[PDB]
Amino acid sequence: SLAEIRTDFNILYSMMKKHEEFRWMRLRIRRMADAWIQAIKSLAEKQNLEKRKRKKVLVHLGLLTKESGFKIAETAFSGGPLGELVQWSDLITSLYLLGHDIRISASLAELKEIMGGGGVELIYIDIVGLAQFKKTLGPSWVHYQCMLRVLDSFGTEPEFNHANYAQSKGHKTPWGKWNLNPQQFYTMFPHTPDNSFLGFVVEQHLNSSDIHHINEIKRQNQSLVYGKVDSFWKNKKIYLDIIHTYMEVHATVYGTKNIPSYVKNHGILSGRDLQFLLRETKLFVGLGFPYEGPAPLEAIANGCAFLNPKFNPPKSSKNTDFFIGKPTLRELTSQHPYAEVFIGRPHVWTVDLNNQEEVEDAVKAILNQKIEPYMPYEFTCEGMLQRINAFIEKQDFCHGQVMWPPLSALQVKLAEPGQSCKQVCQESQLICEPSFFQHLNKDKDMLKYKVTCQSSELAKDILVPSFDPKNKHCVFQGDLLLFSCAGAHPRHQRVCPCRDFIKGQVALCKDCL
């Protein structure tokens, strides 16, 4: 009944052989196996993994069901989308190494059998899979809703999750409306503090001697374009011509008349051959699309600089077809906001693609830069293992455990008008902690944080609790499902729950382990 760390992948390989659909994830795990095993042993030596209850975990890969009809396994080796399979691979591996009892499903039949078998304590599922869960189980699916952890790359904001409020606000999207605790949504990058950051591991294969003699390994004038689809290259000729002035321009593109004649195409590469190419490459070139993928972090892990297209105005539902109907109003300041804000120079140059001088200076700067391979701790094997272990042991929506994060981590901030709780926490080098809103939502609570309510009313709005400092009037939350880090009050101040984070591990407060 106690979890024991696993240091051998034989049982896992055996589980993943039972579906052809898993082939790409099995090959990824096999390439990263030595790094994973080093990591679970290191975590267990540093940090108490003893006396954890072994959980029966349902892992339902909705994106791999026939019923979903996505053909993601079918395109996995021919340049189709891999972001979601990267994350699923690293989640399954983490659960397995931590010694949990994983039951993998990629069919309605398996979903129903596993849930039928009882004893399920935890459910990892995607958005397509969640619809299938509700349909397969029927009305008692809600009996399990607190055990759901919903892999949702781009995030779901409270205003979209609340079905009745989303309708009241005229949101016409099919997405959202699950009425979950929004911390139950597991994102690819830590961009949505209303949600939990799951992430993944950045694959690299530089041994200690590679990292040291990286200046001698790298072709100093080799650039590689990020963009495995020809359409991504539309209207990039002037940009690429500026880079071609200084560097060879390599590509990994399928099929192409958006691609200048001078570009050295390798076509779609296997994982190992891509990694070898990144090891050789000085500059990884963003075209603007796709948004918030793993590929740039792979380049940075291999000592490549990332040229990150800046978006002014920021891209969102208000101006970008891709974002219309997504259950979020979040704006992207660049192709890879994580790379921009949490890594930055010298590894990431965030440049206006249109500004020829800024692009030319970035390329010339990057050529003159010393290579330092870098991975943020949260995207290492040991980082992800620490994060998902903390979530499994500590994160409880079923009212069975102590409060987490602990109240001790609460730092109240007042957001100005036009400023969200996400923004005011961030610019204090903190992060919004939506589990703390419940402590900021009445007169006697506001006194503790030096806010004085002469008058107060209740509103069912994402923008409250709010404070008019001019009138000393407080608006409190009437619908607890509408507590939201996202959203700026145009008139009043927001009362905002912030927490600290372990540096390089934003998911976790300093006292959260």
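From 1 onward, residues are counted along the sequence shown. Only the largest set of C-alpha atoms that superpose within 1.5 Å between the two forms is called the rigid core.
Here 97 to 105 and 168 to 176 are scored by the root mean square distance of their C-alpha atoms in 4 other deposited structures of this protein, with each structure fitted by the rigid core; the higher score goes to 168 to 176. Root-mean-square C-alpha deviation from the shown form, taken over all structures in 4 other deposited structures of this protein superposed by the rigid core, is larger for 266 to 274 than for the alternative among 266 to 274 and 223 to 231.
In at least a third of the other compared PDB entries of this protein that cover both flanking sides, residue 68 is left without coordinates. Annotation: residue 214 belongs to the positions left without coordinates in at least a third of the other compared entries, with flanking residues modelled. Counting the deposited residues that fall between residue 255 and residue 256 and carry no coordinates gives a value of 1 to 3.
Mean CA B-factor, 161 to 169 versus 350 to 358: the higher value falls on 350 to 358.
The stretch with the higher mean CA B factor, choosing between 87 to 95 and 428 to 436, is 428 to 436. Taking only the listed residues 278, 388, 414, 127, the entry reports the highest CA temperature factor at 414. Across 224, 274, 259, 324, the greatest Cα temperature factor reported in the deposited entry is at 259. In the PDB entry, residue 105 places in the middle third of its chain by CA B-factor. Residue-level temperature factors show residue 116 in the highest third of its chain, judged at the C-alpha atom. Annotation for residue 67: CA B-factor lies in the highest third of the chain's modelled residues. Per the PDB record, residue ranking by Cα B-factor puts residue 246 in the highest third of the chain.
When the CA B factors of the chain's modelled residues are split into thirds, the value for residue 299 lands in the lowest one.
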